[PDB]
$ cat model-v2.cif   # mmCIF, N, CA and C atoms
data_data
loop_
_atom_site.group_PDB
_atom_site.id
_atom_site.type_symbol
_atom_site.label_atom_id
_atom_site.label_comp_id
_atom_site.auth_asym_id
_atom_site.auth_seq_id
_atom_site.Cartn_x
_atom_site.Cartn_y
_atom_site.Cartn_z
ATOM 1 N N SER A 1 11.813 -35.664 -8.831
ATOM 2 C CA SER A 1 10.488 -35.520 -9.428
ATOM 3 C C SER A 1 9.982 -34.083 -9.343
ATOM 4 N N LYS A 2 10.147 -33.435 -8.192
ATOM 5 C CA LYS A 2 9.559 -32.123 -7.952
ATOM 6 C C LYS A 2 10.492 -30.965 -8.278
ATOM 7 N N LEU A 3 11.651 -31.227 -8.869
ATOM 8 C CA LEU A 3 12.602 -30.165 -9.150
ATOM 9 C C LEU A 3 11.987 -29.147 -10.110
ATOM 10 N N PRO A 4 12.148 -27.848 -9.860
ATOM 11 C CA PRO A 4 11.684 -26.849 -10.833
ATOM 12 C C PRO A 4 12.536 -26.897 -12.089
ATOM 13 N N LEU A 5 11.911 -27.273 -13.201
ATOM 14 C CA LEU A 5 12.628 -27.479 -14.453
ATOM 15 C C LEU A 5 11.996 -26.620 -15.535
ATOM 16 N N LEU A 6 12.780 -25.709 -16.098
ATOM 17 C CA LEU A 6 12.322 -24.816 -17.149
ATOM 18 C C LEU A 6 12.679 -25.366 -18.521
ATOM 19 N N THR A 7 11.937 -24.910 -19.518
ATOM 20 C CA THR A 7 12.225 -25.183 -20.915
ATOM 21 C C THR A 7 12.485 -23.863 -21.629
ATOM 22 N N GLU A 8 12.779 -23.960 -22.925
ATOM 23 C CA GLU A 8 12.963 -22.758 -23.729
ATOM 24 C C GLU A 8 11.682 -21.940 -23.788
ATOM 25 N N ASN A 9 10.544 -22.612 -23.939
ATOM 26 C CA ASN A 9 9.253 -21.944 -24.008
ATOM 27 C C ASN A 9 8.819 -21.506 -22.620
ATOM 28 N N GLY A 10 9.580 -20.603 -22.005
ATOM 29 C CA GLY A 10 9.280 -20.153 -20.662
ATOM 30 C C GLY A 10 7.874 -19.614 -20.537
ATOM 31 N N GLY A 11 7.114 -20.152 -19.591
ATOM 32 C CA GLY A 11 5.738 -19.747 -19.409
ATOM 33 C C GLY A 11 5.269 -19.922 -17.984
ATOM 34 N N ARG A 12 3.962 -20.099 -17.799
ATOM 35 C CA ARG A 12 3.390 -20.264 -16.468
ATOM 36 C C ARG A 12 3.687 -21.681 -15.982
ATOM 37 N N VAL A 13 4.877 -21.843 -15.412
ATOM 38 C CA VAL A 13 5.323 -23.122 -14.877
ATOM 39 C C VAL A 13 6.029 -22.874 -13.552
ATOM 40 N N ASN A 14 5.934 -23.859 -12.657
ATOM 41 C CA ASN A 14 6.589 -23.815 -11.355
ATOM 42 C C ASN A 14 6.144 -22.611 -10.535
ATOM 43 N N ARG A 15 4.869 -22.551 -10.177
ATOM 44 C CA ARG A 15 4.365 -21.506 -9.297
ATOM 45 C C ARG A 15 4.460 -21.969 -7.851
ATOM 46 N N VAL A 16 4.872 -21.060 -6.972
ATOM 47 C CA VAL A 16 5.047 -21.352 -5.557
ATOM 48 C C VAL A 16 4.362 -20.265 -4.748
ATOM 49 N N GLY A 17 3.762 -20.648 -3.626
ATOM 50 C CA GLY A 17 3.148 -19.701 -2.718
ATOM 51 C C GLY A 17 3.593 -19.963 -1.292
ATOM 52 N N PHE A 18 3.514 -18.925 -0.465
ATOM 53 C CA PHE A 18 4.015 -18.960 0.898
ATOM 54 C C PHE A 18 2.875 -18.727 1.879
ATOM 55 N N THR A 19 3.050 -19.235 3.097
ATOM 56 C CA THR A 19 2.049 -19.128 4.144
ATOM 57 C C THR A 19 2.654 -18.470 5.375
ATOM 58 N N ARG A 20 1.794 -17.854 6.180
ATOM 59 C CA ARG A 20 2.201 -17.116 7.371
ATOM 60 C C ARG A 20 1.277 -17.505 8.517
ATOM 61 N N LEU A 21 1.847 -18.100 9.564
ATOM 62 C CA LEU A 21 1.076 -18.559 10.709
ATOM 63 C C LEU A 21 1.214 -17.564 11.860
ATOM 64 N N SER A 22 0.643 -17.898 13.017
ATOM 65 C CA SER A 22 0.670 -17.005 14.166
ATOM 66 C C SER A 22 0.704 -17.825 15.444
ATOM 67 N N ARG A 23 1.306 -17.246 16.483
ATOM 68 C CA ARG A 23 1.438 -17.884 17.787
ATOM 69 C C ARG A 23 0.938 -16.919 18.852
ATOM 70 N N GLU A 24 0.107 -17.417 19.763
ATOM 71 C CA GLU A 24 -0.530 -16.584 20.768
ATOM 72 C C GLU A 24 0.060 -16.845 22.151
ATOM 73 N N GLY A 25 -0.510 -16.169 23.145
ATOM 74 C CA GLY A 25 -0.143 -16.339 24.537
ATOM 75 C C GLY A 25 -0.957 -15.418 25.421
ATOM 76 N N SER A 26 -1.500 -15.945 26.514
ATOM 77 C CA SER A 26 -2.489 -15.231 27.302
ATOM 78 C C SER A 26 -1.870 -14.658 28.575
ATOM 79 N N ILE A 27 -2.732 -14.109 29.426
ATOM 80 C CA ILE A 27 -2.357 -13.558 30.725
ATOM 81 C C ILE A 27 -3.372 -14.046 31.750
ATOM 82 N N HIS A 28 -2.882 -14.536 32.887
ATOM 83 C CA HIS A 28 -3.735 -15.078 33.933
ATOM 84 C C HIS A 28 -3.426 -14.414 35.269
ATOM 85 N N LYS A 29 -4.418 -14.416 36.155
ATOM 86 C CA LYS A 29 -4.318 -13.764 37.455
ATOM 87 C C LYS A 29 -4.351 -14.800 38.573
ATOM 88 N N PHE A 30 -3.467 -14.628 39.554
ATOM 89 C CA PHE A 30 -3.351 -15.514 40.705
ATOM 90 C C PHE A 30 -3.574 -14.700 41.977
ATOM 91 N N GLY A 31 -3.362 -15.327 43.122
ATOM 92 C CA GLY A 31 -3.377 -14.624 44.393
ATOM 93 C C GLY A 31 -3.894 -15.466 45.548
ATOM 94 N N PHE A 32 -3.495 -15.079 46.761
ATOM 95 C CA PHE A 32 -3.968 -15.708 47.988
ATOM 96 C C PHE A 32 -3.757 -14.744 49.148
ATOM 97 N N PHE A 33 -4.319 -15.098 50.305
ATOM 98 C CA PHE A 33 -4.221 -14.256 51.494
ATOM 99 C C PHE A 33 -4.337 -15.126 52.738
ATOM 100 N N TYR A 34 -4.377 -14.462 53.892
ATOM 101 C CA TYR A 34 -4.586 -15.103 55.184
ATOM 102 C C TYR A 34 -5.114 -14.049 56.144
ATOM 103 N N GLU A 35 -5.890 -14.472 57.134
ATOM 104 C CA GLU A 35 -6.499 -13.548 58.080
ATOM 105 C C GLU A 35 -5.983 -13.795 59.491
ATOM 106 N N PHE A 36 -5.910 -12.723 60.275
ATOM 107 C CA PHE A 36 -5.538 -12.794 61.678
ATOM 108 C C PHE A 36 -6.386 -11.813 62.473
ATOM 109 N N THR A 37 -6.445 -12.031 63.778
ATOM 110 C CA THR A 37 -7.181 -11.162 64.682
ATOM 111 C C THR A 37 -6.217 -10.418 65.594
ATOM 112 N N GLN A 38 -6.644 -9.236 66.044
ATOM 113 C CA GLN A 38 -5.826 -8.464 66.973
ATOM 114 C C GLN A 38 -5.567 -9.246 68.253
ATOM 115 N N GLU A 39 -6.503 -10.102 68.639
ATOM 116 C CA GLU A 39 -6.303 -11.008 69.763
ATOM 117 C C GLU A 39 -5.336 -12.130 69.441
ATOM 118 N N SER A 40 -4.811 -12.182 68.217
ATOM 119 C CA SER A 40 -3.795 -13.156 67.851
ATOM 120 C C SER A 40 -2.425 -12.542 67.633
ATOM 121 N N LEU A 41 -2.315 -11.215 67.597
ATOM 122 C CA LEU A 41 -1.035 -10.536 67.501
ATOM 123 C C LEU A 41 -0.765 -9.628 68.690
ATOM 124 N N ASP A 42 -1.724 -9.470 69.601
ATOM 125 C CA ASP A 42 -1.515 -8.625 70.767
ATOM 126 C C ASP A 42 -0.979 -9.450 71.927
ATOM 127 N N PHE A 43 -1.741 -10.451 72.371
ATOM 128 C CA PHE A 43 -1.240 -11.395 73.371
ATOM 129 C C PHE A 43 -0.969 -12.733 72.688
ATOM 130 N N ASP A 44 0.229 -12.832 72.119
ATOM 131 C CA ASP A 44 0.713 -14.045 71.483
ATOM 132 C C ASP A 44 2.164 -14.237 71.895
ATOM 133 N N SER A 45 2.632 -15.486 71.872
ATOM 134 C CA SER A 45 3.954 -15.797 72.407
ATOM 135 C C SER A 45 5.045 -14.988 71.717
ATOM 136 N N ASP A 46 4.994 -14.904 70.392
ATOM 137 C CA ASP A 46 6.037 -14.232 69.635
ATOM 138 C C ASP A 46 5.689 -12.771 69.396
ATOM 139 N N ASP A 47 6.724 -11.937 69.368
ATOM 140 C CA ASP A 47 6.587 -10.503 69.163
ATOM 141 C C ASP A 47 6.532 -10.141 67.684
ATOM 142 N N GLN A 48 7.189 -10.918 66.820
ATOM 143 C CA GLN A 48 7.301 -10.568 65.410
ATOM 144 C C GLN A 48 6.598 -11.585 64.521
ATOM 145 N N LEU A 49 5.391 -12.001 64.902
ATOM 146 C CA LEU A 49 4.643 -12.955 64.090
ATOM 147 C C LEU A 49 4.374 -12.397 62.698
ATOM 148 N N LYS A 50 4.027 -11.113 62.623
ATOM 149 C CA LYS A 50 3.642 -10.472 61.372
ATOM 150 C C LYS A 50 4.759 -10.487 60.336
ATOM 151 N N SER B 1 -24.554 15.681 -90.244
ATOM 152 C CA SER B 1 -25.887 15.966 -89.730
ATOM 153 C C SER B 1 -25.865 16.635 -88.361
ATOM 154 N N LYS B 2 -24.698 17.061 -87.879
ATOM 155 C CA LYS B 2 -24.619 17.618 -86.534
ATOM 156 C C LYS B 2 -23.753 18.870 -86.441
ATOM 157 N N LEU B 3 -23.117 19.273 -87.538
ATOM 158 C CA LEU B 3 -22.183 20.388 -87.478
ATOM 159 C C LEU B 3 -22.894 21.659 -87.021
ATOM 160 N N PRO B 4 -22.266 22.474 -86.177
ATOM 161 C CA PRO B 4 -22.846 23.775 -85.834
ATOM 162 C C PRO B 4 -23.053 24.660 -87.051
ATOM 163 N N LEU B 5 -24.253 25.218 -87.193
ATOM 164 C CA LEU B 5 -24.592 26.059 -88.338
ATOM 165 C C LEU B 5 -25.569 27.126 -87.868
ATOM 166 N N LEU B 6 -25.083 28.349 -87.696
ATOM 167 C CA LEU B 6 -25.939 29.461 -87.314
ATOM 168 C C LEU B 6 -26.340 30.254 -88.548
ATOM 169 N N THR B 7 -27.628 30.571 -88.640
ATOM 170 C CA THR B 7 -28.104 31.440 -89.698
ATOM 171 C C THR B 7 -27.672 32.877 -89.424
ATOM 172 N N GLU B 8 -28.127 33.790 -90.284
ATOM 173 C CA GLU B 8 -27.776 35.195 -90.128
ATOM 174 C C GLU B 8 -28.252 35.740 -88.788
ATOM 175 N N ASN B 9 -29.472 35.381 -88.387
ATOM 176 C CA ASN B 9 -30.036 35.825 -87.112
ATOM 177 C C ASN B 9 -29.874 34.723 -86.064
ATOM 178 N N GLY B 10 -28.662 34.642 -85.522
ATOM 179 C CA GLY B 10 -28.348 33.639 -84.524
ATOM 180 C C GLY B 10 -29.157 33.771 -83.250
ATOM 181 N N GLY B 11 -30.010 32.795 -82.979
ATOM 182 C CA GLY B 11 -30.836 32.774 -81.782
ATOM 183 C C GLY B 11 -30.257 31.878 -80.711
ATOM 184 N N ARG B 12 -31.134 31.134 -80.041
ATOM 185 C CA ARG B 12 -30.713 30.181 -79.015
ATOM 186 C C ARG B 12 -30.549 28.788 -79.620
ATOM 187 N N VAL B 13 -29.619 28.693 -80.562
ATOM 188 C CA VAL B 13 -29.313 27.438 -81.226
ATOM 189 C C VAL B 13 -27.902 27.015 -80.845
ATOM 190 N N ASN B 14 -27.620 25.728 -81.053
ATOM 191 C CA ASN B 14 -26.278 25.164 -80.919
ATOM 192 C C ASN B 14 -25.743 25.326 -79.492
ATOM 193 N N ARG B 15 -26.441 24.683 -78.563
ATOM 194 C CA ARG B 15 -25.991 24.599 -77.182
ATOM 195 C C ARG B 15 -25.136 23.352 -76.988
ATOM 196 N N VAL B 16 -24.315 23.376 -75.937
ATOM 197 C CA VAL B 16 -23.406 22.278 -75.636
ATOM 198 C C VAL B 16 -23.436 21.995 -74.139
ATOM 199 N N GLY B 17 -22.941 20.812 -73.771
ATOM 200 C CA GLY B 17 -22.911 20.402 -72.386
ATOM 201 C C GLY B 17 -21.559 19.829 -72.013
ATOM 202 N N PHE B 18 -21.271 19.874 -70.714
ATOM 203 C CA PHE B 18 -19.997 19.415 -70.179
ATOM 204 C C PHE B 18 -20.241 18.537 -68.962
ATOM 205 N N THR B 19 -19.410 17.507 -68.803
ATOM 206 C CA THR B 19 -19.477 16.606 -67.662
ATOM 207 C C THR B 19 -18.070 16.302 -67.172
ATOM 208 N N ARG B 20 -17.937 16.046 -65.870
ATOM 209 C CA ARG B 20 -16.658 15.680 -65.270
ATOM 210 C C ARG B 20 -16.826 14.384 -64.486
ATOM 211 N N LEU B 21 -16.120 13.341 -64.914
ATOM 212 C CA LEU B 21 -16.130 12.063 -64.226
ATOM 213 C C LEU B 21 -15.057 12.039 -63.140
ATOM 214 N N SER B 22 -15.213 11.114 -62.194
ATOM 215 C CA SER B 22 -14.339 11.044 -61.033
ATOM 216 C C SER B 22 -13.793 9.634 -60.861
ATOM 217 N N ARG B 23 -12.636 9.544 -60.210
ATOM 218 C CA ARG B 23 -11.927 8.296 -59.977
ATOM 219 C C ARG B 23 -11.912 7.970 -58.484
ATOM 220 N N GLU B 24 -11.187 6.915 -58.124
ATOM 221 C CA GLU B 24 -11.127 6.469 -56.740
ATOM 222 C C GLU B 24 -9.839 5.690 -56.520
ATOM 223 N N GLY B 25 -9.497 5.506 -55.248
ATOM 224 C CA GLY B 25 -8.335 4.724 -54.867
ATOM 225 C C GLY B 25 -8.130 4.719 -53.366
ATOM 226 N N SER B 26 -7.852 3.553 -52.789
ATOM 227 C CA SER B 26 -7.750 3.408 -51.344
ATOM 228 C C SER B 26 -6.550 2.540 -50.990
ATOM 229 N N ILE B 27 -6.175 2.580 -49.711
ATOM 230 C CA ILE B 27 -5.020 1.854 -49.192
ATOM 231 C C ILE B 27 -5.499 0.647 -48.400
ATOM 232 N N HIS B 28 -4.606 -0.323 -48.206
ATOM 233 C CA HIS B 28 -4.879 -1.516 -47.419
ATOM 234 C C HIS B 28 -3.697 -1.806 -46.504
ATOM 235 N N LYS B 29 -3.964 -2.495 -45.396
ATOM 236 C CA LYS B 29 -2.923 -2.778 -44.422
ATOM 237 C C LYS B 29 -2.207 -4.083 -44.770
ATOM 238 N N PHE B 30 -1.082 -4.318 -44.097
ATOM 239 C CA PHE B 30 -0.267 -5.501 -44.338
ATOM 240 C C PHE B 30 0.543 -5.800 -43.083
ATOM 241 N N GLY B 31 1.167 -6.979 -43.065
ATOM 242 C CA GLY B 31 2.092 -7.299 -41.992
ATOM 243 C C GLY B 31 2.340 -8.771 -41.724
ATOM 244 N N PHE B 32 3.578 -9.112 -41.359
ATOM 245 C CA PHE B 32 3.921 -10.449 -40.894
ATOM 246 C C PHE B 32 5.104 -10.365 -39.938
ATOM 247 N N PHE B 33 5.202 -11.349 -39.043
ATOM 248 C CA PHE B 33 6.206 -11.343 -37.986
ATOM 249 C C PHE B 33 6.775 -12.741 -37.801
ATOM 250 N N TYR B 34 7.679 -12.870 -36.827
ATOM 251 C CA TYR B 34 8.256 -14.153 -36.452
ATOM 252 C C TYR B 34 8.716 -14.099 -35.004
ATOM 253 N N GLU B 35 8.573 -15.214 -34.297
ATOM 254 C CA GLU B 35 8.946 -15.304 -32.894
ATOM 255 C C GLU B 35 10.156 -16.209 -32.715
ATOM 256 N N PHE B 36 10.961 -15.895 -31.705
ATOM 257 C CA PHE B 36 12.159 -16.658 -31.397
ATOM 258 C C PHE B 36 12.342 -16.719 -29.890
ATOM 259 N N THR B 37 13.076 -17.723 -29.430
ATOM 260 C CA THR B 37 13.413 -17.840 -28.022
ATOM 261 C C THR B 37 14.871 -17.460 -27.804
ATOM 262 N N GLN B 38 15.176 -17.012 -26.586
ATOM 263 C CA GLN B 38 16.519 -16.520 -26.296
ATOM 264 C C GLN B 38 17.558 -17.621 -26.465
ATOM 265 N N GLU B 39 17.195 -18.861 -26.134
ATOM 266 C CA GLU B 39 18.128 -19.970 -26.284
ATOM 267 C C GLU B 39 18.512 -20.182 -27.743
ATOM 268 N N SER B 40 17.552 -20.038 -28.656
ATOM 269 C CA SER B 40 17.822 -20.275 -30.069
ATOM 270 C C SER B 40 18.808 -19.280 -30.661
ATOM 271 N N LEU B 41 18.949 -18.099 -30.069
ATOM 272 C CA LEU B 41 19.943 -17.128 -30.498
ATOM 273 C C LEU B 41 21.172 -17.126 -29.606
ATOM 274 N N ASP B 42 21.111 -17.790 -28.456
ATOM 275 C CA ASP B 42 22.168 -17.728 -27.465
ATOM 276 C C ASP B 42 22.997 -19.007 -27.421
ATOM 277 N N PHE B 43 22.542 -20.087 -28.060
ATOM 278 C CA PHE B 43 23.337 -21.306 -28.119
ATOM 279 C C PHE B 43 23.478 -21.865 -29.531
ATOM 280 N N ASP B 44 22.926 -21.213 -30.550
ATOM 281 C CA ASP B 44 23.067 -21.689 -31.920
ATOM 282 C C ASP B 44 24.498 -21.477 -32.392
ATOM 283 N N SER B 45 24.962 -22.358 -33.276
ATOM 284 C CA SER B 45 26.324 -22.281 -33.790
ATOM 285 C C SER B 45 26.594 -20.928 -34.431
ATOM 286 N N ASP B 46 25.705 -20.488 -35.320
ATOM 287 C CA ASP B 46 25.896 -19.221 -36.011
ATOM 288 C C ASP B 46 25.610 -18.054 -35.079
ATOM 289 N N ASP B 47 26.658 -17.338 -34.673
ATOM 290 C CA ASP B 47 26.511 -16.239 -33.726
ATOM 291 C C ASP B 47 25.635 -15.128 -34.292
ATOM 292 N N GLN B 48 25.819 -14.800 -35.567
ATOM 293 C CA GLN B 48 24.936 -13.842 -36.217
ATOM 294 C C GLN B 48 23.764 -14.563 -36.876
ATOM 295 N N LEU B 49 22.664 -14.684 -36.139
ATOM 296 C CA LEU B 49 21.442 -15.279 -36.659
ATOM 297 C C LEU B 49 20.285 -14.294 -36.653
ATOM 298 N N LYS B 50 20.250 -13.383 -35.684
ATOM 299 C CA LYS B 50 19.226 -12.349 -35.637
ATOM 300 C C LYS B 50 19.300 -11.468 -36.878
#
$ encode --input "model-v2.cif" --output "structure tokens"
Amino acid sequence: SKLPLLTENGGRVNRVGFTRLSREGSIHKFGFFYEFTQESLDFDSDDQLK
Amino acid sequence: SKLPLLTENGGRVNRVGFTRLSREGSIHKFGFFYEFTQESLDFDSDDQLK
């Protein structure tokens, strides 16, 4: 049914148009930490806690 | 009753006049054409049709 079919009287028939889309992507920030006291690394059982 | 006839003492008698008539003529345009399709000359039995 939809086949492009021409005749001898070639004219404004079978017009086609094209489309252009787009794809996005963002950037997000993360992070975490932890706190310690000098009284937790000075007199503590382990020497290499840090 | 009109022949030129000057007496012995020719005065301001027997004058004449002249006139020039004019003509005219102009041109007109013309034209006729015919249309054909490429198939009608490219698949017809008679190769020399144009």
$ calpha_fit_rmsd --input "model-v2.cif" --fixed "chain A" --moving "chain B"
0.8 Å
$ residues_around --input "model-v2.cif" --residues "region 21-37 of chain B" --least-positions-apart "6" --cutoff "9 Å" --atoms "only C-alpha atoms" --output "list in words"
residues 8, 9 and 10 of chain A
$ closest_atom_pairs --input "model-v2.cif" --of "chain B" --to "chain A" --cutoff "8 Å" --atoms "all atoms listed in the file" --output "Markdown table"
| residue | atom | partner | partner_atom | distance |
| --- | --- | --- | --- | --- |
| B:37 | CA | A:8 | C | 6.1 |
| B:38 | N | A:8 | C | 6.7 |
| B:39 | N | A:8 | CA | 6.2 |
| B:40 | N | A:8 | CA | 7.3 |
$ atom_distance --input "model-v2.cif" --atom1 "CA of residue 1 (chain A)" --atom2 "CA of residue 17 (chain A)"
18.7 Å
$ select_by_dssp --input "model-v2.cif" --residues "chain B" --states "helix (DSSP H, G or I)" --output "NGL selection string"
:B and (38-42)
$ atom_distance --input "model-v2.cif" --atom1 "CA of residue 2 (chain B)" --atom2 "atom C of residue 20 (chain B)"
23.6 Å
$ atom_distance --input "model-v2.cif" --atom1 "atom N of residue 47 (chain B)" --atom2 "atom C of residue 5 (chain A)"
25.8 Å
